[PDB]
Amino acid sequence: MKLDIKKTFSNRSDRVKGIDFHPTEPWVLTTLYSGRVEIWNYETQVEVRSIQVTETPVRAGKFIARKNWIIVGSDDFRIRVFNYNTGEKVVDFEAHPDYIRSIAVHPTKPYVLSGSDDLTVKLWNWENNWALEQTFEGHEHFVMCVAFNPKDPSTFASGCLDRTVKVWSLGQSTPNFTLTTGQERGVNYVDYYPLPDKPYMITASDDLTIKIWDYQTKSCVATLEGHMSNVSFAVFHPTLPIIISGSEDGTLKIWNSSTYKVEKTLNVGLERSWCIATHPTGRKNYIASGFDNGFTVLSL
(Lines of atoms letter the chains of each structure in order from A and count residues from 1; the text may use other names and numbers.)
(Lines give C-alpha, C1' and ligand atoms only; values in the text may rest on other atoms or scores of the structure.)
Protein backbone atom coordinates (compact mmCIF):
# COMPACT_ATOMS: atom_id res chain seq x y z
CA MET A 1 0.00 0.00 0.00
CA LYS A 2 2.96 2.27 -0.61
CA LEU A 3 2.40 4.94 -3.25
CA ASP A 4 4.94 7.52 -4.40
CA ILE A 5 3.12 10.00 -6.65
CA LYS A 6 5.09 12.65 -8.52
CA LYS A 7 3.67 15.35 -10.80
CA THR A 8 5.52 15.05 -14.11
CA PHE A 9 3.72 17.77 -16.06
CA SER A 10 0.49 19.70 -15.75
CA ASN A 11 -0.71 22.48 -18.03
CA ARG A 12 -3.85 24.59 -18.21
CA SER A 13 -6.16 24.37 -21.22
CA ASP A 14 -9.80 24.19 -22.19
CA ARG A 15 -11.74 21.12 -21.07
CA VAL A 16 -9.89 17.88 -21.91
CA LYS A 17 -12.37 15.17 -22.98
CA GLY A 18 -9.93 12.62 -24.41
CA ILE A 19 -6.36 11.68 -23.54
CA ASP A 20 -3.87 9.01 -24.66
CA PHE A 21 -0.20 8.01 -24.24
CA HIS A 22 2.12 7.24 -27.15
CA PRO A 23 3.75 3.84 -26.59
CA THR A 24 7.34 4.77 -27.53
CA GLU A 25 7.60 8.58 -27.51
CA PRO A 26 7.20 10.56 -24.27
CA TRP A 27 4.00 12.10 -25.62
CA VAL A 28 0.43 12.58 -24.51
CA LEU A 29 -2.49 13.49 -26.79
CA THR A 30 -5.28 15.68 -25.47
CA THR A 31 -8.54 16.37 -27.25
CA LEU A 32 -10.47 19.45 -26.16
CA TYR A 33 -14.07 20.63 -25.88
CA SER A 34 -12.99 23.65 -27.98
CA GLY A 35 -12.24 21.48 -31.04
CA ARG A 36 -8.48 21.70 -30.60
CA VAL A 37 -6.15 18.72 -30.14
CA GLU A 38 -2.65 18.90 -28.67
CA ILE A 39 0.29 16.52 -28.58
CA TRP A 40 2.67 17.27 -25.68
CA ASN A 41 6.09 15.93 -24.89
CA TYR A 42 5.67 15.59 -21.13
CA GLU A 43 9.43 15.16 -20.50
CA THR A 44 10.48 18.41 -22.20
CA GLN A 45 7.13 20.17 -21.62
CA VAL A 46 6.96 21.31 -25.24
CA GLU A 47 4.19 20.86 -27.81
CA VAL A 48 4.94 18.32 -30.55
CA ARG A 49 1.99 19.40 -32.71
CA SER A 50 -1.44 20.94 -32.21
CA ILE A 51 -4.43 21.27 -34.54
CA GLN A 52 -7.68 23.19 -34.53
CA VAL A 53 -9.64 20.25 -35.87
CA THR A 54 -13.16 21.66 -35.69
CA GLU A 55 -15.28 24.14 -33.73
CA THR A 56 -17.19 21.35 -31.98
CA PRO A 57 -16.03 19.22 -29.03
CA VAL A 58 -13.54 16.46 -29.82
CA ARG A 59 -14.50 13.82 -27.25
CA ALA A 60 -12.33 10.94 -28.42
CA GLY A 61 -8.72 10.62 -29.47
CA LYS A 62 -6.15 7.85 -29.78
CA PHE A 63 -2.69 7.32 -31.16
CA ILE A 64 -2.26 4.72 -33.87
CA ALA A 65 1.49 4.61 -33.33
CA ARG A 66 2.26 1.89 -35.90
CA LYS A 67 0.93 4.24 -38.62
CA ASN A 68 2.21 7.51 -37.11
CA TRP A 69 -1.38 8.71 -36.79
CA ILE A 70 -3.79 10.16 -34.34
CA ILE A 71 -7.48 9.44 -34.80
CA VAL A 72 -10.13 11.75 -33.37
CA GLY A 73 -13.92 11.85 -33.22
CA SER A 74 -16.05 14.93 -32.70
CA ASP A 75 -19.55 16.33 -32.15
CA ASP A 76 -19.74 17.27 -35.82
CA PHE A 77 -20.22 13.51 -36.38
CA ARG A 78 -16.84 13.03 -38.05
CA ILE A 79 -13.79 10.80 -37.67
CA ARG A 80 -10.53 12.44 -38.76
CA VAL A 81 -7.05 10.96 -38.92
CA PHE A 82 -3.85 13.00 -38.93
CA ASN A 83 -0.25 12.01 -39.49
CA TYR A 84 1.54 13.51 -36.46
CA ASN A 85 4.89 13.83 -38.22
CA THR A 86 3.70 15.91 -41.20
CA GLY A 87 0.28 17.03 -40.03
CA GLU A 88 -1.33 15.45 -43.10
CA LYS A 89 -5.05 14.96 -42.75
CA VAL A 90 -5.26 11.32 -43.81
CA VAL A 91 -9.04 10.85 -43.81
CA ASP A 92 -12.12 12.85 -42.82
CA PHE A 93 -15.56 11.21 -42.92
CA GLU A 94 -18.95 11.27 -41.24
CA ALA A 95 -18.98 8.18 -39.07
CA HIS A 96 -22.37 8.46 -37.35
CA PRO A 97 -25.44 10.73 -37.61
CA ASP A 98 -24.80 11.87 -34.02
CA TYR A 99 -22.02 12.62 -31.51
CA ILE A 100 -18.99 10.31 -31.29
CA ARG A 101 -18.26 9.45 -27.64
CA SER A 102 -15.44 6.92 -27.79
CA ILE A 103 -12.90 5.38 -30.14
CA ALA A 104 -10.85 2.22 -29.69
CA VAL A 105 -8.05 0.86 -31.84
CA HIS A 106 -7.39 -2.84 -32.31
CA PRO A 107 -3.90 -3.88 -31.13
CA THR A 108 -2.89 -5.81 -34.28
CA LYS A 109 -5.56 -5.55 -37.01
CA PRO A 110 -6.40 -2.29 -38.85
CA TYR A 111 -9.70 -1.95 -37.01
CA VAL A 112 -11.21 1.02 -35.23
CA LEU A 113 -14.38 1.02 -33.17
CA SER A 114 -16.50 4.11 -32.64
CA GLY A 115 -19.37 4.45 -30.20
CA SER A 116 -22.05 7.07 -30.65
CA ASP A 117 -25.18 8.78 -29.41
CA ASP A 118 -26.83 7.04 -32.39
CA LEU A 119 -27.07 3.96 -30.14
CA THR A 120 -24.51 2.00 -32.15
CA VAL A 121 -20.92 0.87 -32.33
CA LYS A 122 -19.30 0.85 -35.77
CA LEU A 123 -16.23 -1.03 -36.96
CA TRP A 124 -13.95 0.60 -39.56
CA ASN A 125 -11.16 -1.08 -41.56
CA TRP A 126 -8.35 1.26 -42.57
CA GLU A 127 -6.78 -1.34 -44.88
CA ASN A 128 -10.06 -1.46 -46.83
CA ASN A 129 -10.39 2.26 -47.59
CA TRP A 130 -11.87 2.92 -44.11
CA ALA A 131 -14.89 0.81 -44.98
CA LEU A 132 -17.78 0.47 -42.55
CA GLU A 133 -17.34 -3.25 -41.91
CA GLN A 134 -20.06 -3.72 -39.29
CA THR A 135 -22.62 -1.86 -37.18
CA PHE A 136 -23.47 -3.35 -33.78
CA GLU A 137 -27.06 -2.62 -32.85
CA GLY A 138 -28.82 -3.40 -29.59
CA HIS A 139 -28.10 -0.63 -27.13
CA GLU A 140 -30.99 1.65 -26.25
CA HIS A 141 -29.20 4.89 -25.28
CA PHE A 142 -25.88 6.69 -25.97
CA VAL A 143 -22.87 4.40 -26.27
CA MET A 144 -20.38 6.09 -23.94
CA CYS A 145 -17.34 3.84 -24.19
CA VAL A 146 -15.90 1.04 -26.32
CA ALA A 147 -12.91 -1.16 -25.55
CA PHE A 148 -11.27 -4.20 -27.10
CA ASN A 149 -10.45 -7.09 -24.81
CA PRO A 150 -6.63 -6.85 -24.89
CA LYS A 151 -6.38 -10.61 -24.27
CA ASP A 152 -8.88 -11.50 -27.02
CA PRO A 153 -9.45 -8.53 -29.32
CA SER A 154 -11.86 -10.46 -31.52
CA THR A 155 -14.19 -9.30 -28.74
CA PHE A 156 -14.96 -5.89 -27.32
CA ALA A 157 -17.18 -4.25 -24.73
CA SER A 158 -19.52 -1.29 -25.01
CA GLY A 159 -20.81 0.70 -22.06
CA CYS A 160 -24.05 2.55 -22.46
CA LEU A 161 -26.42 4.96 -20.74
CA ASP A 162 -29.04 2.17 -21.01
CA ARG A 163 -27.39 0.71 -17.87
CA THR A 164 -25.75 -2.19 -19.66
CA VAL A 165 -22.41 -3.38 -20.92
CA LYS A 166 -22.55 -5.54 -24.02
CA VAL A 167 -19.70 -7.80 -25.05
CA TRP A 168 -19.55 -8.61 -28.73
CA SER A 169 -17.64 -10.75 -31.21
CA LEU A 170 -16.44 -9.20 -34.45
CA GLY A 171 -18.56 -10.67 -37.24
CA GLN A 172 -21.56 -11.45 -35.03
CA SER A 173 -24.66 -9.29 -34.72
CA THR A 174 -25.83 -9.86 -31.17
CA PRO A 175 -23.91 -9.58 -27.91
CA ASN A 176 -22.17 -12.67 -26.54
CA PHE A 177 -23.68 -11.42 -23.30
CA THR A 178 -25.20 -8.32 -21.72
CA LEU A 179 -24.32 -7.22 -18.21
CA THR A 180 -27.27 -5.63 -16.45
CA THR A 181 -25.09 -3.50 -14.22
CA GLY A 182 -27.65 -2.17 -11.77
CA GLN A 183 -26.00 1.23 -12.20
CA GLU A 184 -29.26 3.01 -12.77
CA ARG A 185 -28.00 6.31 -14.19
CA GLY A 186 -26.09 4.45 -16.92
CA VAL A 187 -22.55 3.34 -17.68
CA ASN A 188 -20.04 6.07 -18.58
CA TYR A 189 -16.99 3.87 -18.99
CA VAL A 190 -15.85 0.27 -19.33
CA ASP A 191 -12.29 -1.10 -19.12
CA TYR A 192 -10.61 -4.51 -19.11
CA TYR A 193 -8.05 -5.76 -16.62
CA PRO A 194 -5.08 -6.25 -18.96
CA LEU A 195 -3.37 -9.34 -17.43
CA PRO A 196 -4.11 -13.04 -17.97
CA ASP A 197 -4.77 -13.94 -14.33
CA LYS A 198 -8.22 -12.31 -14.00
CA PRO A 199 -11.12 -12.09 -16.49
CA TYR A 200 -12.17 -8.75 -15.08
CA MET A 201 -13.93 -5.66 -16.40
CA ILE A 202 -14.82 -2.43 -14.63
CA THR A 203 -17.68 0.06 -15.08
CA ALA A 204 -18.18 3.65 -13.91
CA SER A 205 -21.54 5.45 -13.49
CA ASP A 206 -23.33 8.73 -12.79
CA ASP A 207 -24.85 6.76 -9.89
CA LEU A 208 -21.56 7.41 -8.03
CA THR A 209 -20.41 3.78 -8.17
CA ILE A 210 -17.68 1.72 -9.78
CA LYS A 211 -18.25 -2.00 -10.32
CA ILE A 212 -15.85 -4.86 -11.01
CA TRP A 213 -17.14 -7.81 -13.09
CA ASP A 214 -15.95 -11.33 -13.80
CA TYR A 215 -16.71 -11.78 -17.50
CA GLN A 216 -16.78 -15.58 -17.30
CA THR A 217 -19.35 -15.82 -14.49
CA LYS A 218 -21.00 -12.46 -15.35
CA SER A 219 -21.04 -11.64 -11.64
CA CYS A 220 -20.27 -8.40 -9.83
CA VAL A 221 -17.08 -8.99 -7.85
CA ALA A 222 -17.08 -5.66 -6.02
CA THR A 223 -18.70 -2.24 -5.80
CA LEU A 224 -16.47 0.76 -5.05
CA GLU A 225 -18.21 3.68 -3.32
CA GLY A 226 -16.68 7.03 -2.34
CA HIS A 227 -16.94 9.53 -5.18
CA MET A 228 -19.29 12.47 -4.52
CA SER A 229 -20.44 13.18 -8.09
CA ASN A 230 -20.60 11.42 -11.48
CA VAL A 231 -17.79 8.94 -12.04
CA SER A 232 -16.27 9.66 -15.46
CA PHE A 233 -13.96 6.63 -15.66
CA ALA A 234 -12.32 3.82 -13.76
CA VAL A 235 -9.42 1.72 -15.02
CA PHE A 236 -7.02 -0.96 -13.88
CA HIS A 237 -3.37 0.10 -13.87
CA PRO A 238 -1.26 -2.10 -16.19
CA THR A 239 1.63 -2.70 -13.74
CA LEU A 240 0.56 -1.69 -10.23
CA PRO A 241 -2.17 -3.47 -8.20
CA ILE A 242 -4.47 -0.48 -8.30
CA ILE A 243 -7.58 0.95 -9.90
CA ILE A 244 -7.70 4.64 -10.80
CA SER A 245 -10.98 6.56 -11.07
CA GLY A 246 -11.89 10.18 -11.74
CA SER A 247 -15.06 12.16 -11.16
CA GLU A 248 -16.94 15.39 -11.63
CA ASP A 249 -16.28 15.76 -7.88
CA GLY A 250 -12.85 17.00 -8.99
CA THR A 251 -10.86 14.06 -7.63
CA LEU A 252 -8.85 11.13 -8.76
CA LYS A 253 -9.03 8.11 -6.47
CA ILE A 254 -6.59 5.24 -6.27
CA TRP A 255 -8.07 1.99 -5.00
CA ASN A 256 -6.36 -1.20 -3.88
CA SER A 257 -7.17 -3.80 -6.56
CA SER A 258 -7.11 -6.68 -4.07
CA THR A 259 -9.16 -5.26 -1.20
CA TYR A 260 -11.17 -2.77 -3.28
CA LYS A 261 -10.69 -0.08 -0.65
CA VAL A 262 -9.54 3.46 -1.33
CA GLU A 263 -5.83 4.12 -0.78
CA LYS A 264 -5.54 7.75 -1.86
CA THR A 265 -7.67 10.68 -3.00
CA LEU A 266 -6.02 13.39 -5.13
CA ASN A 267 -7.44 16.89 -5.30
CA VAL A 268 -5.91 17.90 -8.59
CA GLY A 269 -7.30 21.46 -8.63
CA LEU A 270 -8.45 21.44 -12.27
CA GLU A 271 -12.19 21.06 -11.50
CA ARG A 272 -14.12 18.15 -13.08
CA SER A 273 -12.20 15.08 -14.27
CA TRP A 274 -13.29 13.59 -17.61
CA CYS A 275 -10.72 11.18 -19.02
CA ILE A 276 -7.76 8.93 -18.26
CA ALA A 277 -4.85 7.14 -19.89
CA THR A 278 -2.19 4.79 -18.61
CA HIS A 279 1.11 4.20 -20.28
CA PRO A 280 0.69 0.91 -22.08
CA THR A 281 3.92 -0.69 -20.76
CA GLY A 282 4.00 1.00 -17.38
CA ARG A 283 6.87 3.36 -18.17
CA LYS A 284 7.45 5.22 -14.86
CA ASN A 285 3.98 3.85 -14.14
CA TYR A 286 2.70 7.04 -15.81
CA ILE A 287 -0.96 8.00 -15.78
CA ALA A 288 -2.59 11.09 -17.26
CA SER A 289 -5.99 12.67 -16.73
CA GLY A 290 -7.91 15.46 -18.43
CA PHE A 291 -10.11 17.95 -16.59
CA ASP A 292 -12.20 21.07 -17.05
CA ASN A 293 -9.15 23.30 -16.73
CA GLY A 294 -6.29 21.25 -18.16
CA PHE A 295 -4.46 17.95 -17.74
CA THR A 296 -1.90 16.32 -15.50
CA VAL A 297 0.66 13.56 -16.03
CA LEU A 298 1.64 11.72 -12.85
CA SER A 299 4.31 9.12 -12.19
CA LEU A 300 3.42 6.51 -9.56
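Start at 1 with the first residue shown and count on from there.
- prompt: Of the two stretches 157-165 and 79-87, which shows the higher Cα B-factor on average in the entry?
  reply: The deposited B-factors put 79-87 ahead on the C-alpha mean.
message: If you average the CA temperature factors as listed in the entry, which stretch comes out higher, 63-71 or 228-236?
response: In the deposited entry, the stretch with the higher C-alpha B-factor mean is 63-71.
task: From the list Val268, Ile254, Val28, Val37, select the residue with the highest C-alpha B factor recorded in the entry.
output: Highest CA B-factor of the listed options: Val268.
- prompt: Can you tell me which of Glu137, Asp207, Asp197, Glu133 has the highest Cα temperature factor in the record?
  reply: Highest CA B-factor of the listed options: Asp197.
field: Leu119 CA temperature factor, ranked by third within the chain
entry: Ranked within chain, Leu119 CA B lands in the middle tercile.
task: Going by the recorded CA B-factors, say which third of the chain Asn129 sits in, lowest, middle or highest.
output: Highest third of the chain for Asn129's C-alpha B-factor.
task: Relative to the other modelled residues of the same chain, rank the CA B-factor of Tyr215 and answer lowest, middle or highest third.
output: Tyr215: CA B-factor falls in the highest third of its chain.
- request: Pull the Cα B-factor of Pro241 out of the PDB entry and bin it into the chain's lowest, middle or highest third.
  value: Highest third.
- prompt: Split the chain's modelled residues into thirds by Cα B-factor; is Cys275 in the lowest, middle or highest one?
  reply: It belongs to the lowest third of the chain when residues are ordered by C-alpha B-factor.
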